[PDB]
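> Any chance you can model this:
(2 chains, ligands or ions: 6)
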Amino acid sequence: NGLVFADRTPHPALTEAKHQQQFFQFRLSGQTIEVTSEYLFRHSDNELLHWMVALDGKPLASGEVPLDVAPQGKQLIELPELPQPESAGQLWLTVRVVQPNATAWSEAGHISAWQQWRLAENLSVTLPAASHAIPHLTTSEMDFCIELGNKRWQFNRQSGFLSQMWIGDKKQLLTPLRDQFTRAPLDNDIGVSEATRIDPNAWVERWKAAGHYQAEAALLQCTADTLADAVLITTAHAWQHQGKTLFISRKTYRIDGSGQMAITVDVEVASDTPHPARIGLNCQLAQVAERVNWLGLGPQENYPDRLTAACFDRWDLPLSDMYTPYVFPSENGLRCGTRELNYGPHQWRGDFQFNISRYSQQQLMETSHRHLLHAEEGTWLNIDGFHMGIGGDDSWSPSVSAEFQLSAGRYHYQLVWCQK
Amino acid sequence: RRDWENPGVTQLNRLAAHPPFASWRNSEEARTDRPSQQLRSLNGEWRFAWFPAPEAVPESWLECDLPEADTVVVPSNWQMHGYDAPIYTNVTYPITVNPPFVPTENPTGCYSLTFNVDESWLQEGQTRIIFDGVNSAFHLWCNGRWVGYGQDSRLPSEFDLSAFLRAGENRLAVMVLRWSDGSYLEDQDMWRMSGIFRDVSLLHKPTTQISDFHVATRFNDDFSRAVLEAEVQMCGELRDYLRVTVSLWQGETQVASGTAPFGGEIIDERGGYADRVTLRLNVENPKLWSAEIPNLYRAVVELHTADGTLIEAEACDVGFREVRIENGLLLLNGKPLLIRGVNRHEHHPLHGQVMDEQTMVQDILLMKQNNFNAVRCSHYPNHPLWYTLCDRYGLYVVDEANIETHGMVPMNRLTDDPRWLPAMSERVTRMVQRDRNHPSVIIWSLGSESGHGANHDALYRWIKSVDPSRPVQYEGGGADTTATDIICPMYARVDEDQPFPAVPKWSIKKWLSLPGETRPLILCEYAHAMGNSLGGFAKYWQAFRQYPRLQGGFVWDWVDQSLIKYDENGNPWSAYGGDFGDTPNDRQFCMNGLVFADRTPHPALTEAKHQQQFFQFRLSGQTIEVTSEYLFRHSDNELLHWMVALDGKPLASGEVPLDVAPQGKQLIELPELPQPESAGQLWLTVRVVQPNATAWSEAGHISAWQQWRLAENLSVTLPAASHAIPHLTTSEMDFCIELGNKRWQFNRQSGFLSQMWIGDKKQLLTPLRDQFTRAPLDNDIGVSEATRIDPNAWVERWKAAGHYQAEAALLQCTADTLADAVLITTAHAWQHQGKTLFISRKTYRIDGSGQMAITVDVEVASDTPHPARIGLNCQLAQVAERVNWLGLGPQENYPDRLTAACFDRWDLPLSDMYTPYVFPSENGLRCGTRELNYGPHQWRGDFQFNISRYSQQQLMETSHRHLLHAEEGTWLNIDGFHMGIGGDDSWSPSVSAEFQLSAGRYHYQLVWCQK
Ligand SMILES: [Mg+2]
Ligand SMILES: [Mg+2]
Ligand code: NA
Ligand code: NA
Ligand code: NA
Ligand code: NA
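Residues are numbered from 1 along each chain as shown, chains lettered A, B, ... in the order given. Ligands and ions are numbered 1, 2, ... in the order given. Sure, structure below:
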């Protein structure tokens, strides 16, 4: 039940705790920073404020201002004229309180508090770069096949999913890109439930009995259409359990002459089914890259109800840091609020949540101890437009709050898949 | 002598205050409340003359009627006869702030009446005159001789006229002043009027008389036994044969009666009150009074000779009820109250501030019909008949002193001055003296918006001395000062703190628990109902029900203070601040009601009714749990009516007898429902219907309701294969699709659907375009004006960023020919001065069955103030008579105000889709709509919509509702996403974050087809 593993290695949770327990709170108005000290006795005589402003990951201006705040007091730091760039993107302010001297309990340059605001945002008006190449559609009895240069996308007309991709004569997928509405149950998902004594109130059980896990995707529609400069694949599936329709995915795949596959997903969720753990897609890739590089909330693991700690910026990590070694294996390593994910040759754009690792949800849910986990061929990727909360208030009854349940009934997201 | 400019002089020759008298000479008439020959009305035709100042009134008017004088009805406000303007001003005094001085030009009403007095009235006894309310100060003359002077606009002033009258024809002259030193204490947020606006009457009492009486009822721990304690004062000659009998009547039965001579208990070294007597009556198992059950007895107070001769009889209605705070809670008869209340001014659109029985009853019946149990007399004692009606119909009343000094700087400048204690005391003490016997009155209030002065403490204590049986409340100076038994904030929010210096408005939840604090919290004013408002109301009531010491509040307010004016054609319209040439003024801030001035309900009243229900429902399986939020009554006049409907189509209905004890529960098992194979969404609706009529409701009155989604079956079945194929045509400046008689035109320059055809008949008058703005609600505007901008207000944040003059630049408009469809693809950007505000991306996919699927995806800049809406508008050519929709209804419903709304199939004339708010704005929106029908057109999806004969442009360009002219065809606003309306207050942004359009990226889809 700890914030650290038995060896004193921090759980991702310890950073959320640290961030909420900060002794400095901040307010932003215009370009003034209001710093309130929540100390009762000391002055801020070992504290400094580092500020930096970034445009979608690129630093524009940094600066460090000295902190002289009395206990319970306020300080007003007037920031200099920040540079407004022509360039399209989202400006972010990031401030940090940094302890410049060592203490009995901390190293010099220790970070004690941080906070982010969106500053200005400039929306991209300028058009996509010109393409005169045009993808060619092939229509066989049981396959839709798009082709552009060396790039080959293959949609199975029987199942309805993108079954295979080729860059040259290289297989990109080890399983087909399918929809996912389940997750490997967390400890807050299982509760006190056991295979010998069922607790029907626990999330995992609600999902189980509704057939969320054993759901068979039964295709409804799989057509293809050629446009002036693109191929439009249009699919529709229905995951059913014993006569009951639980989810309905309606997608549109738009490959154009620049090389990029635009995906548009629209999901209907039945009001009288337990809210789904996630609404996104999964695939087993073929590549095994070394570095994950993403633009979004990070760097550590973060979920919708646990993400105040995480900062938006450009994060580059080894693949293995994108997996969280919980002794009891579950869904993990998710990073929220992502606008770009880079893995080997692949790149996904848009606005989503993701986790990436060598471990299938199916394995993580079947494996009771983290040491029994075997690294699989390729890289499992989970991209969710939406992911349920993780809870935590307790662990013996459902603790996910209403605002972090996926109750809406209708969800939409859009993903750009390209190569670089 | 300028008594009107002297706060040390608030009356001359005025008789003591006292509870209502009639001086019955027959005890049986007293018991039954029948009219008394000793109580004459002087209401009727009087002579009136207006002057610019009291210096301008001629000496002869005292003895003789003025020839220029007109005949006018009394009671009346001389402004309603148009002698001068009524002034609507909120905080800022209508006069220069210079106490105790008023303008030298002080509009002056000269009322006079010639009336007849019977000889007998002069032979014996005392004949006094009663002015129930004169505004704001007057001198009285009778037959030329000066009688007296009076102030306090809202309490009665009585004068002994015995030595002045003669048998036959007598003449009253009343010189009424508009402004006086009393004005400084009468600064309520309302119309500023004047005259003899309440009832006038004559009262004959014998020389030996009842001068006062107090009724107190105290109880035992479980209310099985009560003691009624009647205290009686006499005036006149004290002799040993004098007695007082007080008798207590349950309808026609006399349950108890006591008889005693004068001479009270010993109270000090000097003896007792020789002229007083106290009677105790034991009452076993007394029928208890509440708003739920207004059980009333009658106390008859008989002054008589020991050997039986009646001198006089007075009487009142008695309601056995105990009010007390214990352990932080307001208890009525040992049970925790939950105040479903409202603030009610005394307003009539025609008669001004003159109240009448019919209006009063309409109001009460309407309040009870909409689940109100309580009323605050904002902000003055009311017409005496108001309290009688509340006693009988059952409402909890907060009786409030006529003191408001909002305009002062600082707000307590007068109330902290000991020189204004004499003036302020009169106003508190004379209220309590008059109204302390009314069971409906449960709480005394020291006034309104007057800061916190030491005069408030002094007066707080005085009440607690004179009347321990009621709590005292007062909001001034922070809602939790030492002059209040109740935390009574105005417009404190549920969750969001508002940390103003000196006087913060904490979140009500947080306010209860502040260090050392234990008082209950009942908001004196909340959910400001100005125009299209009451968003976030369910929030309050979720809190009231969850937190024991959060014991409800009083909505502001009941009825719009709008007045009727006429035009050149002689047609009526609703008027507000400035519409009488009155200036300075505060415009439409006088209209904050749940109902219009003619007592027609705003849509907001239905959200009040729903949240204030006395029945809660939970569902689990096919089992309904009903919980009663009543404290006293069983649900005797209650049955439950349940119906199941699949997308509007009923499939099973039925009713079950409700027998739920107060605060108890009942379980109701549904019959096994027939599960449909058909695809769609099942909906359960329950209603509490009152089969029997009551004093306040008709047969079959619905008092409570609630909806649940049941099982949902999703549509798997694909659309049928249409054999046809739409023909696409490409010219330089047009894309034209064609199928059958149906035809669409897309303009290549603008990027919008520019025109549509069924046959050779046009369908559109302006093109279908995006809309990210609305005609600003009162909440969006706040206190912002053309000459004094409030940059904080939602309208001003929008204006400044350039939302209303956003110019739509085209970035793409292309056409594509599918297998069985034509696909137009459009993209726009809306910009202001280099900055891109929004970006629109659309596909229109017209298939073989004439159906056009519009898909919209908007990007919104994160640093641009959030939008009011994200949707599409167009001007339809069709003017249809009916609107049919599967959605939330039947009434106007918004994102933060739609809990009362029910999902079903709705059908209404087009005029019902417009809400005639006096100050035009966005209105009529329906949310949760899956399907919309209007003539030939049909739209499907999941959207919000408003459909009217008025453009958002006109509604934003027009100040009054009567100046709105219908445009050609029907304007249609279909919204994928719409912002909250708010209304926690109307002077600061009140829309709660979760109802703001802050997602940055939005997606919705419509299908437009013909049926
Ligand atoms: Mg005076
Ligand atoms: Mg005021
Ligand atoms: Na420092
Ligand atoms: Na409560
Ligand atoms: Na007002
Ligand atoms: Na307007």
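
> Give me the distance between the residue most central in space within chain A and residue A:382.
The residue lying closest to the centre of chain A (C-alpha atoms, centre = their mean) is residue A:353, at 2.0 Å. According to C-beta to C-beta, to the nearest Å, residue A:353 stands 8 Å off from residue A:382. To be clear about C-beta, it is placed using only N, CA and C from the backbone, and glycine gets the same treatment.

> if we can go back for a sec, could you list everything the residue nearest to the centre of chain A pairs with in the sheet?
residue A:384 (DSSP bridges).

> Contacts only, for it.
Neighbour list for residue A:353: A:280, A:304, A:334-338, A:383-387 [criterion: C-beta atoms under 8 Å, 6 or more residues apart in numbering or on different chains].

> distance of it from residue A:183?
11 Å.

> Quickly list what's touching both of those two.
Joint contacts of residue A:353 and residue A:183 (C-beta under 8 Å, 6+ apart) are residue A:387.

> burial measure for the closest residue to residue A:276 other than its chain neighbours, as a count.
With C-beta to C-beta, 6 or more residues apart in numbering or on different chains as the criterion, residue A:276 has its nearest non-adjacent residue at 4.1 Å, and that residue is residue A:181. Residues within reach of residue A:181, counting by other C-beta atoms under 10 Å in any protein chain shown, total 23.

> got it, and residue A:99?
18.

> Who is residue A:347 paired with across the strands?
Applying DSSP bridges, one finds that residue A:347 bridges with residue A:342, residue A:418.

> which residues of the stretch 251-400 of chain A fall in strands?
A:261-269, A:278-284, A:291-298, A:311-318, A:335-343, A:346-357, A:380-387 (DSSP state E, counting those that start in this stretch).

> For these, give me a markdown table that also has distance to ligand 6.
As requested, these are arranged in a markdown table below (distance: least, C-beta to the ion, whole Å):
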| stretch | distance to ligand 6 |
| --- | --- |
| strand A:261-269 | 38 |
| strand A:278-284 | 42 |
| strand A:291-298 | 43 |
| strand A:311-318 | 41 |
| strand A:335-343 | 40 |
| strand A:346-357 | 37 |
| strand A:380-387 | 39 |
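
> Out of those strands, which gets nearest to ligand 3?
Ligand 3 lies closest to strand A:311-318 among the strands of the stretch 251-400 of chain A, at 23.2 Å (C-beta to the ion).

> what's the burial count for the residue of chain A found nearest ligand 2?
When scored by C-beta to the ion, chain A has residue A:29 as its residue closest to ligand 2, at 30.0 Å. Neighbouring residues of residue A:29 were enumerated by other C-beta under 10 Å; the total is 8.

> and it, what does it touch?
Shown in contact with residue A:29 (C-beta under 8 Å, 6+ apart): no residues.

> if I look at it, how far off is ligand 5?
Distance of residue A:29 to ligand 5, given as C-beta to the ion, to the nearest Å: 30 Å.

> same deal with residue A:37?
According to C-beta to the ion, residue A:37 stands 41 Å off from ligand 5.

> what's the burial count for that residue?
Other residues within reach of residue A:37, judged by other C-beta under 10 Å, total 22.

> Next up, the contacts around residue A:51.
Taking C-beta under 8 Å, 6+ apart as the test, what residue A:51 contacts is A:33, A:62-65, A:79, A:93-96.

> closest to ligand 1 among the residues you listed?
The closest of the contacts of residue A:51, once distances to ligand 1 are taken by C-beta to the ion, is residue A:33, at 55.7 Å.

> In chain A, which residue sits closest to ligand 4?
Among all residues of chain A, residue A:402 sits closest to ligand 4, at 21.5 Å; criterion: C-beta to the ion.

> count of neighbours near that residue?
Using other C-beta under 10 Å: residue A:402 sits among 7 other residues.

> So what does it have for phi and psi?
Per-residue torsions, residue A:402: phi -40, psi -40 (degrees, to the nearest 10).

> repeat for the one 4 residues further on
Dihedral angles of residue A:406 (phi, psi; degrees, to the nearest 10) stand at phi -100, psi 60.

> count of residues packed around it?
22.

> next one: the one 3 residues further on
Using other C-beta under 10 Å, the number of residues around residue A:409 comes to 15.

> Next, format the strands of the stretch 251-400 of chain A as CSV and append distance to residue A:124.
Listed next are the strands of the stretch 251-400 of chain A as CSV, based on distance: least, C-beta to C-beta, whole Å:
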stretch, distance to residue A:124
strand A:261-269, 15
strand A:278-284, 25
strand A:291-298, 15
strand A:311-318, 18
strand A:335-343, 12
strand A:346-357, 12
strand A:380-387, 21
